[PDB]
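For ligands, and for the atoms within them, numbers begin at 1 and follow the listed sequence. Values reported hereafter were calculated over all heavy atoms of this structure, with side chains retained and with hydrogens, waters and symmetry mates removed. Residue numbers start from 1 in every chain, and the chains themselves are labelled A, B, ... in the order their sequence lines are given, proteins ahead of strands.
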Amino acid sequence: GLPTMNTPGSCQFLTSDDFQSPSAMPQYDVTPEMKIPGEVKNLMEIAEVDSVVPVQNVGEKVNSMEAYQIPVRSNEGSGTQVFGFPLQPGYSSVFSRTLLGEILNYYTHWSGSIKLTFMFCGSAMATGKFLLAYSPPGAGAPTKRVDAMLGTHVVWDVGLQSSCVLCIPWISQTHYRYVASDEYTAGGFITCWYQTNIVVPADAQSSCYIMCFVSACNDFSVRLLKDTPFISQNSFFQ
Amino acid sequence: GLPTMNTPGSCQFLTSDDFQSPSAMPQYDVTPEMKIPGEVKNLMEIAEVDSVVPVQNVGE
Amino acid sequence: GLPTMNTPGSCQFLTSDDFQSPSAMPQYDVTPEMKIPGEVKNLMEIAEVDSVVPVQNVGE
Amino acid sequence: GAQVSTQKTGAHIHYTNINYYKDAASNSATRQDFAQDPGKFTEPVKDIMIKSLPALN
Amino acid sequence: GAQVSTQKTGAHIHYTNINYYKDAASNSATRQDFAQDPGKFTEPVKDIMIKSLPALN
Amino acid sequence: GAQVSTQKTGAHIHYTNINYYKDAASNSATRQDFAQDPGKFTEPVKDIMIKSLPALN
Amino acid sequence: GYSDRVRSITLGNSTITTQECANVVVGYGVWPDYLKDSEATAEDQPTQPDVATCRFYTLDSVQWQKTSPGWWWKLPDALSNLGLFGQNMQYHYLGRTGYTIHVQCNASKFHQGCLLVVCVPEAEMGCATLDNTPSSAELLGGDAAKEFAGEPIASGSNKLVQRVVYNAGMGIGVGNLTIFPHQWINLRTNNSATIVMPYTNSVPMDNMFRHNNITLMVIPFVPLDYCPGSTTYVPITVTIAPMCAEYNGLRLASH
Amino acid sequence: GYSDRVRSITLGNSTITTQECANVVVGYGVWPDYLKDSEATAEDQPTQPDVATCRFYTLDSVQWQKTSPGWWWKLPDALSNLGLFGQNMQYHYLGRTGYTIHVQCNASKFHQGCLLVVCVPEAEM
Amino acid sequence: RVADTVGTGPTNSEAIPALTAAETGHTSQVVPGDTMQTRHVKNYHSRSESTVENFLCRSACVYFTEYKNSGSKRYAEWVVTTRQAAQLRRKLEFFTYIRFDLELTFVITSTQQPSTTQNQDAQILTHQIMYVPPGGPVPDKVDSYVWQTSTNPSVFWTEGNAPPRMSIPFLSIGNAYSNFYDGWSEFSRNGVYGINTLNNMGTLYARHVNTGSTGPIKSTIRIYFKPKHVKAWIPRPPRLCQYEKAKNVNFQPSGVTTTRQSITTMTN
Amino acid sequence: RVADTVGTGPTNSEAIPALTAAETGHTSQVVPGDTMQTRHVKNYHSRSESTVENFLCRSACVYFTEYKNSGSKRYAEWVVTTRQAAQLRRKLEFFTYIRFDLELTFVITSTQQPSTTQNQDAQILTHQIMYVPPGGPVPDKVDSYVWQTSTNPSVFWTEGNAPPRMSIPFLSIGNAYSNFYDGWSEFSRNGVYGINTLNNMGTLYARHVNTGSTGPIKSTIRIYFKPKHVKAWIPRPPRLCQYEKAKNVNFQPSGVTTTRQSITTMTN
Amino acid sequence: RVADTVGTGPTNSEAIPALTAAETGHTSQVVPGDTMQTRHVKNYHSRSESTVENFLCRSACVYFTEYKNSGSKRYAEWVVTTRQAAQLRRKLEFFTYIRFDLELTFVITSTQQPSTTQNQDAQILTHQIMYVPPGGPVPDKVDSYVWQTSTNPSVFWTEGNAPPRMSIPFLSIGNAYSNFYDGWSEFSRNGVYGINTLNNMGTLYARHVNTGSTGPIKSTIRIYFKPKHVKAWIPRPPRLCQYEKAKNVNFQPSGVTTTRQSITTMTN
Ligand SMILES: CCCCCCCCCCCCCCCC(=O)O
Ligand SMILES: CCCCCCCCCCCCCCCC(=O)O
Ligand SMILES: CCCCCCCCCCCCCCCC(=O)O
């Protein structure tokens, strides 16, 4: 006979709720657990794995294995551009299908550093130098090497070690950024420029390729879970 | 006047539920128990008894 | 199976009420606070500031 | 006067129960009584018969 | 037999939880298990490779 | 784990509050924080000016 | 002292030596181990040779051309017709084992290219036609390397597997295959790739014939190139060694 | 452990990696240091950013032909039109700084040649 | 708690963190400090939202079906299986092996069908939901003895109050809910192929207890799945290609990603 | 908790566990270890689901009847007896002597009957359920003084909210609910024969408190039995032959089991 | 607690509290005691009502929209933004920087639309409210897969019981909800100008789960905002001029204050 009083919000079906519920099958002997390798306890353990980036997504190249290759050849000049893309992991077409991008497209906010691992896939005698650059916003994109040199740049020398890491830091005004496009939280621009040249000996190919992997740093975070705009169904599959 | 809030799953009739209920007959003197041989406490005490198998179940 | 009894005033929407409510977004990491100058804690801190008075409010 | 007991969970957490009605026939169903004694139906013979022995010597 | 735990609040307050059902599969979802171990997927090599070292000497 | 606090009554009685939700953003509105500091808006000058003194000597 | 590029591996009566190899990748951090007594479900005694069953079996080699899309292998099926591992998994009902994968592709200093070696666990593959499912003769090839395809397979009714390479047949971005234990063999530096996969399955033991857990996949991301004058036939070899293999349920030969 | 041919240099927000480099030459045995108080003559307070001013500026590249005689650069003039170092040495009267010089010319195993990189102080011509 | 960066100062040393070897299969963990000078910024951010439990613990509608008070279809039958809704199926496909308990909520909504029968007196409809495990009897008709439910679990619900809700433990003969099964049913290797081999979870029926009125009434029931105490093993790459069938992973090949103008364009 | 097997090794001894004597009436308990080598497998399985309490503690519908607001049948009468529903009766028949408390839930559903009366204004129907023990008065009519229930237990229920539910103790003059009675009522040995001798549990009536509207309304009530604190004695073999009558165990002879092709066929 | 005055007696001293210098920008705090003799009156009054939390913690209706069971508009779409209701917007504009949690209550009221369809049988309408964060999918149609809400939060409500209510934390990428933003989106200084730059809070949709009857039914939903744990910074002068648009602070110039007869009139 305890007198109570119901408050606004009773007898409702909230989606993201956490209450208790009577079980339909009482006294069920659950099958015991076993040790299965590779247990995941947090989704940021998947975001910290390198994911191949399709930088060359131009026209038909997306329908073959040529989307993941970045062309680099022996040029007659110096200071030209190899590639460039905006820092939009959850929006740009370059980072949309990467593991990092697939994870980010479920959460509205994101923050932390980024790690771009470049691997040179040329011959054993071909040598070269490249200038990777990250330029925060404020101006447009850099158009010449004298303009991207002033950003955050790391010269890379092709040698025995065939892997170089570009750590795009966290330079922003807000603690978090949106995965969707918004000019208020613009990211920046990542551009790679020929440093000197790509020189090869005789009887060796002068056109090589470079691959790129994207991964998150130890300080990545995500927030505000939302539905992904990639998967859709016209009717219940059957 | 304790403010509460009903959750989804109220005023339902679940079959395999276990709650308390007011008795229709209060203060009933139950007939005492007696010792009757062969008390079952688990159905696997019946499964451990030999059962004749009809192996030759052919036709008639 | 706790027997209760609802009192007058249940299942209403009072404007100036103070109860608890289940959150729509569980386990949200709130952005930390920072020191911003000029924090107000009571409206009588604004009433104690001098305000220019329009005494000559005649016509135009 | 509450009664705290253990929950039936998997292998390889306490729950609370309070009786409100004073008839003792209104309590919840006692589901945890995992006791057995198969000696009444199986092996009910008067003289003990060890497993590895000629049952009829 | 109540369980008192901490609430998830901002940075830079205790809440109460009692289990009523005796099946152990009816408890509320355990949301606070912030433990990780990224050593299985990242850096899974057999021989340890220090950061600032020629990975292939 | 209950919290007992005082009620806002006239001048010239304890109430009980228990948190049930484990998000720390569902608690009731904290209404009793009667603290003030009018020194930021009124008298914000750098050099202290005593009341009964020629403000400009 | 010594360098890290040189490695030797001994198993049973077989040995593998490499002089330009990268660091071995050990599964998800677990070295394959026998089934403990607090996890078993079969009450029968198991049989564990650990010498004849565990050894480096060398499979057939495939040619790496300039227009090769990739190849896939099923670890239980490939060794089913080779030695006592095949005879045992054939005479028993339940089997359990981990695997060591070694891929050998060597080229001179004037070649270029890059391969991805990935061990995908539970690789269900979509059929070319939505209504039909792939047949047993098209999905797994005993001691044979099933090649992929550069263009999409026809949607006409058939039991052919979808062998398009930029989807890996399982309907994923070939780029995100990295999540699984993987190695890169770039002809610029690496000449071999070693992987150690433990036993990954949702049950203690499973029948090998009706369930193929791991599917080795080799994908040439960067194609092979050279100038006239170099050898054009560059093969690829794959050696598989079982580890900690045991069985249960001795039954009459079944094939 | 490691080899001596590999080097990494970080300054400000710029980094330089080399995999076939010789030993760094450090001037006349003195590492560049700020002006001490027992040596100054200007009684005004100095300004020291040390981040925008100190960083690797990359200049223009020149081609090495079979008939190239050589090239010369002036360190104060070359950086006068590049970044805040140019803006600062332009808005001030007195300046002081040391310099780190890196020259990059890469060739395969089948090329041959040799360059001399020399920092001449006070080179009246 | 998110880690915090450490302050660093200009360096000139032979050892280089940036240069590594990606052929080894190792992710080079490089702090921003290695490639540039950084200041000591404490991070108070948390990874609380990401945890597998918070990612998968949200109610999602698997399937919805319809039944009529008077007419040819008086009862609804549904084989309890996932993979009928893309939003949840895609989320579950992230991990090869999953193990979770479940919470089920049934949103039952009735509506009046257009007719000509006059003098209608609507009465509170009552809905009975029944679960038949694999092997039990099947109600060949809306009125049948099977609906006694002497052992099967069932729920009765009158229209007008809070929706029904129940909790279900981990029902599997194995040690985890397998999401992918590369094998056949027969050891012959000919027969059902794929994940449909391991789908024997039963069937769920629903009916109207009492005919509401003379005029025809159609009711639709929606089923919601809420994973609890979830454990995940062996992470997998995300789908990418839209689903086609609910019994397998058959798909139509699709481009890696959306295209752009060139290799140096900063805009989609 | 289920027992665990013990590891064993090859033996060569005169004593043989497998060979026994089944004429003694003893079940030879042989561990798999006796007839073959076995390894030590711990069993974490439990026999929790099997317990008699968990087997019989599920709500099951014994009987359902109908009554009309206006018409020849305005009240319903049912002698409270089991053996009217096969699903529960079969479960109870497993044990010769049973002793349990009971929980009763009444699912009352109304519906409108087709008529010609216009201007219908439906009102909340109220249902009264009354239990008359053996000997009490009987409501010969829907409106009668008996419905005052000065001593009998009763429940009033308005349509629209949760169903009624009550708990009933162990009502029997003996020490257990006998399920089988091989005897007669008269010591003469002529008269009622069988279990119907020990069925004097009373009667249950139900009626509409208020006429709902002008148009005819039919209501059907279903009764659910939930055994609690159950004790069972003397286990018995399962039925096999379908039931025919609710007052005895009269049956039609049926084959032992379904047949097959031959004695060596592996398929039904 | 309010301060109390102190008793004072006639004085004749050079120091004068009343005379000060208002050019300094300092508010001269003068007790009544300085300009006249006063007696010791204790003040038991409190400033409890004034506190920012008690001033802003009152439910206020931001926006209301309408949707129809059958017709051109079957679902409602609203970008979640303040500044649509003058009463709350004016209260919030008092402080330049605000930081508060929120409580949302949805008052959903249905009504019948006039029509000609006969034989109407009204059924309990069910209303689904869905929140799409910035970036998620949009339900281009009332019936669409988006309404599965596998991740988005949603609430289902049947008509007849207490209104829905949820609590929302502090959702902002910054450290406070900015109320005024004197800048543009583009660094070019050309583009969206004002506070509309920092409004990316998502969208809120609502629909009818089940068609209620044959006759058209229109439902209107009202949204209520309740600030909790509020913190305010940088106090600002009150509006004065009526609002015109909900995307900026554009206004029409208005007189300082209402006028009177002369400079010595005591009446308005
Ligand atoms: C009134 C009915 C109550 C009981 C209903 C039980 C229906 C669900 C049974 C368990 C299903 C668990 C999920 C299996 C599919 C999967 O794991 O992919
Ligand atoms: C409103 C009515 C409440 C009381 C209703 C009591 C009806 C049941 C009486 C006890 C019956 C117990 C079972 C007897 C039959 C048996 O044991 O086989
Ligand atoms: C069923 C939907 C539940 C969730 C609905 C959330 C809608 C409100 C989102 C937060 C808005 C907070 C206020 C932003 C505007 C401002 O600060 O001026």
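Residues meeting the side-chain hydrogen bond (donor to acceptor under 3.5 Å, both in side chains) test with K:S59, sequence neighbours left out: none.
Between J:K231 and J:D101 there is no salt bridge, since no side-chain N of the basic residue sits under 4.0 Å from a carboxylate O of the acidic one. With salt bridges taken as basic N to acidic carboxylate O contacts below 4.0 Å, one links I:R165 and A:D17.
For K:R83, the closest heavy-atom approach to ligand 3 falls below 4.0 Å.
With respect to atom 16 (C) of ligand 3, the closest heavy atom belonging to the protein is K:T82 OG1, 3.6 Å. The closest protein non-hydrogen atom to atom 13 (C) of ligand 3 is K:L102 CD2, 4.2 Å. Protein heavy atom in closest approach to atom 2 (C) of ligand 1: I:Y131 CB, 3.6 Å. Given atom 1 (C) of ligand 1, the protein heavy atom at minimum distance is I:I129 O, 3.7 Å. Protein heavy atom closest to atom 3 (C) of ligand 1, with residue, atom name and distance, is I:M166 SD, 3.9 Å.
A cation-pi contact, defined as under 6.0 Å to the ring centre and within 45° of the axis, links I:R207 to I:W147.
Comparing heavy-atom distances from atom 7 (C) of ligand 3 across K:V155, A:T15, K:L104 singles out K:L104 as nearest. The option with the heavy atom closest to atom 14 (C) of ligand 3, from among K:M130, K:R89, K:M201, is K:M201.
The aromatic ring centroids of J:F225 and J:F100 lie 6.0 Å or more from each other. Checked against the 6.0 Å centroid criterion, the rings of J:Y224 and I:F156 qualify as a close aromatic pair. The six-membered or imidazole ring of J:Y177 lies away from that of J:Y97, with a centre-to-centre distance of 6.0 Å or more.
Residue-to-ligand polar distances keep J:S154 apart from ligand 2: every N/O pair is separated by 3.5 Å or more. Checked against a 3.5 angstrom limit, the closest N/O atoms of I:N179 and ligand 1 fall outside it.
Put simply, the side chain of K:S167 gets close to the backbone of F:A25: a donor and an acceptor are under 3.5 Å apart.
For ligand 1 and I:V80, the ligand atoms under 4.0 Å from any heavy atom of the residue are 8 (C).
At a 4.0 Å heavy-atom cut-off, ligand 3 touches K:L171 through the side chain alone.
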